[PDB]
Amino acid sequence: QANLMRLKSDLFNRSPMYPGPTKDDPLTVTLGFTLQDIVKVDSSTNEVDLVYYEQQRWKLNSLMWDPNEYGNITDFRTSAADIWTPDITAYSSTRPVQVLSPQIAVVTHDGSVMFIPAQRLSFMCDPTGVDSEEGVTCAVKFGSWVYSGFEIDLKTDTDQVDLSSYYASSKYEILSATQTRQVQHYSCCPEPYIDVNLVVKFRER
Amino acid sequence: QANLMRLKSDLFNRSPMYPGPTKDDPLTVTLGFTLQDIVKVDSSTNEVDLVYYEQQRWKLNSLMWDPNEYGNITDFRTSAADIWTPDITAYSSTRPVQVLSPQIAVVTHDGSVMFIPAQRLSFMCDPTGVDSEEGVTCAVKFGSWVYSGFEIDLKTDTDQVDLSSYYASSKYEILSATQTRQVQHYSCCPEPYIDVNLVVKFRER
Amino acid sequence: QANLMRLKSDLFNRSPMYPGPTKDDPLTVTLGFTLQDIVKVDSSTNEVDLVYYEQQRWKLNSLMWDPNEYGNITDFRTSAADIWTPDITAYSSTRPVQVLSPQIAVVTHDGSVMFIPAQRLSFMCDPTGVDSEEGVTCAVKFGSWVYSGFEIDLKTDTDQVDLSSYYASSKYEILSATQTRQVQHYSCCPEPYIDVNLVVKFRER
Amino acid sequence: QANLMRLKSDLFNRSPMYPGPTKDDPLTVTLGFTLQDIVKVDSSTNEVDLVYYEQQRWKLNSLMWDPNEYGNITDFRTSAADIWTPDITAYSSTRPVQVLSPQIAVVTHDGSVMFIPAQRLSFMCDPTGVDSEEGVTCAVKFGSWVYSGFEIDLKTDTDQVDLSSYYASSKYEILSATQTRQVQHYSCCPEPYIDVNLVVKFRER
Amino acid sequence: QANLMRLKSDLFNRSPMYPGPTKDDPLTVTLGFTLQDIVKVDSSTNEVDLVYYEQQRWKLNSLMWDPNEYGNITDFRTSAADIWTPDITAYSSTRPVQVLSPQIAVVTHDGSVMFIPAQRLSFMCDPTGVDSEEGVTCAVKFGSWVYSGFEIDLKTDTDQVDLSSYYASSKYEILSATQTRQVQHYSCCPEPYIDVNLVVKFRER
Ligand SMILES: COc1cc2c3cc1Oc1cc(ccc1O)C[C@@H]1c4c(cc(OC)c(O)c4Oc4ccc(cc4)C[C@@H]3[N@@H+](C)CC2)CC[N+]1(C)C
Ligand SMILES: COc1cc2c3cc1Oc1cc(ccc1O)C[C@@H]1c4c(cc(OC)c(O)c4Oc4ccc(cc4)C[C@@H]3[N@H+](C)CC2)CC[N+]1(C)C
């Protein structure tokens, strides 16, 4: 534990925290979703509740170290509060997202960070037709709240949502689930905006 | 990165925080709304729930810098906790407002700040007649809680609520949505009080 | 800005915070209610929900200053957390009160403080008869939780609750609303206790 | 206020906080309940909600002073965060307890502390028979979560629950309410455990 | 009080907090569940709510002392905030866990820690058949959120859940409850992953 304490002190206590990305030093965040359950549909307010894991990854020069200088530590776990993290947010939630897991990240000696919060999210969806063979389609966009594509770029590893852990006995079965990078341009500004579109088709039985 | 780190230290770590405006140093806050959805109407209690983005802009001389002195940085993002923010509040909410987005501001080198919190708001409105073709009109005033017009002035860029992001499968159809600056006068004191009246006429799908 | 920052620095950063009143240096807190809406009535549990502004005023010697020494500043606004506040409490709530407004107060150069929190309160009341013409009466007492009348006295400026802001389209119509200072003797204790009794008579409109 | 400021500084800003009791230096906490209302009875989940004031009293040598040294001050009010407090817990709650009063205590010159949190508690009870002339009996135990009776001894001043403030128009009549110190033997541990059994008999209307 | 104050200062105020385990300095956490009550069952969302006490035990060399040096103190109670605690998490919750007990742990002179948070948990569970003689079986896995079996190994003293405290009058009767260590291996990586599977069979009473 002596070496890890030294490393953390060197990384965190010995310099001002990373002030986030800028156009001159942009960063790429990879997003991936693991859908666990569709827990609730409300057809009187058009709200649907999902439970999922959101995998985020990024890399910072300021979090790099040489394992040989620290007893060959190649990675460590630490509170998310200890590091900068991206402001990735649902764009059409209807209630504050509910965090279901400890806020702890894994940092690797190449400066890469992996952070996987589990969340319950209520978002806007008209669920009518959910009780049919065809099912229904809902969508919610995820992206930075304040950084344009010039500061934060988003990427997915695959366009397919991970369904391997979807609750087998859910009230709702998943027909398809995709996660797709998009580039928007608002008629006010020249910079691109990026989001990842979570599109889920599902039905009752 | 080095220059941004130095700039924030100069802006935030060297002086005390802006103590807010006064009659001698008044401020103008620009407000605007982007209505995403009407998520609930409760006819038993006369409450209606909105989800919206709330644009706020103002400008502080104490947040100014010369880009040439800081590696040509022209603006930056920072936690809204790092800066003074106006106490803009709904005048007829029935529940604490729920914040749906990160609290992060954009600061520009001219001292301008832009802050766009997304919110779920419950407020007083009698929805009677919402299920007619003529619909129903509700209204909520927004303004400073403790500053009069001598200290904080309000403006809208436009009197038209931004509806271009309105949920396309909402239970409710928006007939009109305006945001209008108003000068109030309580028969207690001379100084004027300013508010922005959000007025929304809508009906069931 | 400079003068104000200097004033606050002098009032808040140079001496320990005011530790609250004692018998030898008692304080008077003036209370007043602006009733905005009766939002909910629950006959299953005998709970009624009110939304109101609670106006509080008191005066501290330690908050005085000479405007001439501070650029003619005669008053200022500041976070409620910067100052001592009375522990004024509803005595028969059934849920934690919910705060609907920013916790900011106005401080004046003679040491007077004005604080007006907006709140939603659930309290004990049997609504039986609310649907009639006579309506129903409910009452709730407000006062310090831990200070006796030897340390904090209360008073009202008028025993008439301010209804000039009551929601015109409430489900309930106010027939009467009074706020009355009471002096209580508790058999446990030789000190006088003071409360303000908010009595509201109302019916379905 | 000068004298009170000195006293708090001497009591609080000189030594570490009291680290809580040990077998070598045990502490006795006195508990007393004032039942204000049985708010809710859920027959579908067997949950009952009470509102009560839980009076806690204990005494510490480290909180003692001589009034002659501090301007005849014999007691003072202070934030509960300023002092050690016992971890008295309801043992079969089903939701986190909700605090309804300010977290402030009264400290007296003999080192005695009195802290009276008003709370709303949901707990496990089968309300079958509540709608009979005989009513139903429910019980809830209170005591330290982590201290044995070797470290914290509990007592009541009376076995009779204070019903003098019970809400006159509750949906429920109280047939009886008692609070009884129990010495408990757990087979895990040779040390005695102590709890206070709150037993309430009640019926509809 | 003096000796304990010394001990806490020596354990907590001299060195940095334990930074958590690593592959070189792994840690075993022992878990044991005491099931108090199955409180809710929702067949429209497939969620079930449990109240239980989760015993957690582990041992750090950095928490050891010689009782002879500290007045024979053999163990002490302290806020869970003063120490490192393992990130043990339910893998299929549908809402943030609710904490029902004080966050206070017991530390023993051999460096061992015992911490027993009482909690209400909502987790994914199809209750179909709960209203039958055979009842239904649900399960939820517990483990570290970010540590693999190389860093945190889990174990149970027994595979039988503690039922000695189950609410006698619950709406649901417990047919069986087991808690068993399991070793997973996720396709991506080679390190073992460890969880404790809590399996409850139950029926309406
Ligand atoms: C639904 O569409 C939007 C999606 C998103 C945003 C904003 C969107 O559209 C809006 C954009 C604006 C207000 C309200 C909006 O609803 C701000 C916009 C604007 C101004 C100055 C700028 O600086 C010079 C600037 O860049 C601006 O444009 C953006 C500001 C923030 C964001 C995007 C664009 C991120 C912002 N956030 C949550 C991410 C997703 C002044 C006023 N003006 C309205 C023109
Ligand atoms: C690791 O598990 C426990 C941890 C702790 C305790 C008890 C625990 O589990 C037990 C709980 C019980 C017996 C044996 C136990 O081993 C009592 C339990 C019970 C009854 C009545 C209650 O009131 C009407 C009640 O609240 C009960 O549950 C608790 C009682 C005390 C404590 C917790 C729960 C605190 C008690 N102690 C000091 C703190 C930590 C009667 C029937 N029943 C046996 C089911």
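Just so we're on the same page: letters track the sequence lines, and every chain starts at 1.
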- Message: Hydrogens and angles aside, do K171(A) and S44(E) bring a side-chain donor and acceptor to less than 3.5 Å of each other?
- Response: no

- side-chain hydrogen bond (donor to acceptor under 3.5 Å, both in side chains): which pairs involve residues 94-106 of chain A, sequence neighbours left out? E47(A)-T94(A), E47(A)-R95(A)

- Check salt bridge (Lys or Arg N to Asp or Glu O under 4.0 Å) between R57(A) and all other residues, then give those that pass, not counting sequence neighbours. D157(A)

- Under 3.5 Å, is there a donor-acceptor pair between the side chain of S144(E) and the main chain of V146(E)? yes

- Could you name each residue pair satisfying disulfide bond (SG atoms under 2.5 Å apart) that touches residues 47-99 of chain A, not counting sequence neighbours? none

- With sequence neighbours left out, write down each residue that passes side-chain hydrogen bond (donor to acceptor under 3.5 Å, both in side chains) with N3(A), or none if nothing qualifies. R6(A)

- Task: For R181(E), enumerate each residue passing the salt bridge (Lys or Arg N to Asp or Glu O under 4.0 Å) test, keeping only those at least two apart in sequence or located in another chain.
- Result: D153(E)

- Task: May I ask you to check whether over 12 heavy atoms, not counting those of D66(A), lie within 6.0 Å of atom CG?
- Result: yes

- Pairwise salt bridge (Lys or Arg N to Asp or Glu O under 4.0 Å) hits with a residue in residues 129-147 of chain E, at least two apart: none

- Using atom types as modelled and distance alone, determine if a side-chain donor or acceptor of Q119(E) lies under 3.5 Å from a backbone N or O of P117(E). yes

When the side chains of residues 24-31 of chain E are checked against the rest of the protein, which donor-acceptor pairs come out under 3.5 Å, sequence neighbours left out?
| residue | atom | partner | partner atom | Å |
| --- | --- | --- | --- | --- |
| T30(E) | OG1 | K155(E) | NZ | 2.7 |

- Note on the structure: In terms of heavy-atom contacts, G129(E) and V136(E) come closest through C-CG2, 3.2 Å

- Value rounded to 0.5 Å, distance of CD1 in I83(E) from CZ in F115(E): 7.5 Å

- Report the residues that fulfil side-chain hydrogen bond (donor to acceptor under 3.5 Å, both in side chains) with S148(A), sequence neighbours left out, ordered by chain and then residue number. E151(A)

- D110(A) side chain to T108(A) side chain, donor-acceptor N/O pair below 3.5 angstrom: no

- Go through the structure and list residues passing ring pair (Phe, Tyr, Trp, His ring centres under 6.0 Å) with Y18(E), not counting sequence neighbours. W84(E)

- With sequence neighbours excluded, give me every disulfide bond (SG atoms under 2.5 Å apart) pair touching residues 49-97 of chain A. none

- Query: With no hydrogens and no angle check, is any side-chain donor or acceptor of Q179(A) less than 3.5 Å from a backbone partner on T158(A)?
  - Reply: yes

- Item | Criterion side-chain contact (heavy atoms from CB on, under 4.5 Å) on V48(A) and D42(A), from CA distance to verdict | CA-CA 6 Å; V48(A) 172; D42(A) 188 343; over 6 Å; no

- Please indicate whether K201(A) has more than 12 foreign heavy atoms, meaning atoms of other residues, nucleotides or ligands, lying under 6.0 Å from its NZ. no

- Note on the structure: Sorted by chain and residue number, the salt bridge (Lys or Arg N to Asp or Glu O under 4.0 Å) partners of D49(A) (sequence neighbours excluded) come out as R120(A)

- Message: In terms of relative ring orientation, are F33(E) and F142(E) parallel, tilted or perpendicular, with 30° and 60° separating the classes?
- Response: tilted

- Query: Who pairs with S43(E) by side chain to side chain contact (heavy atoms under 4.5 Å, CB included), at least two apart in sequence or on another chain?
  - Reply: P127(E)

- State whether a side-chain donor-acceptor pair under 3.5 Å links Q36(E) with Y53(E). yes

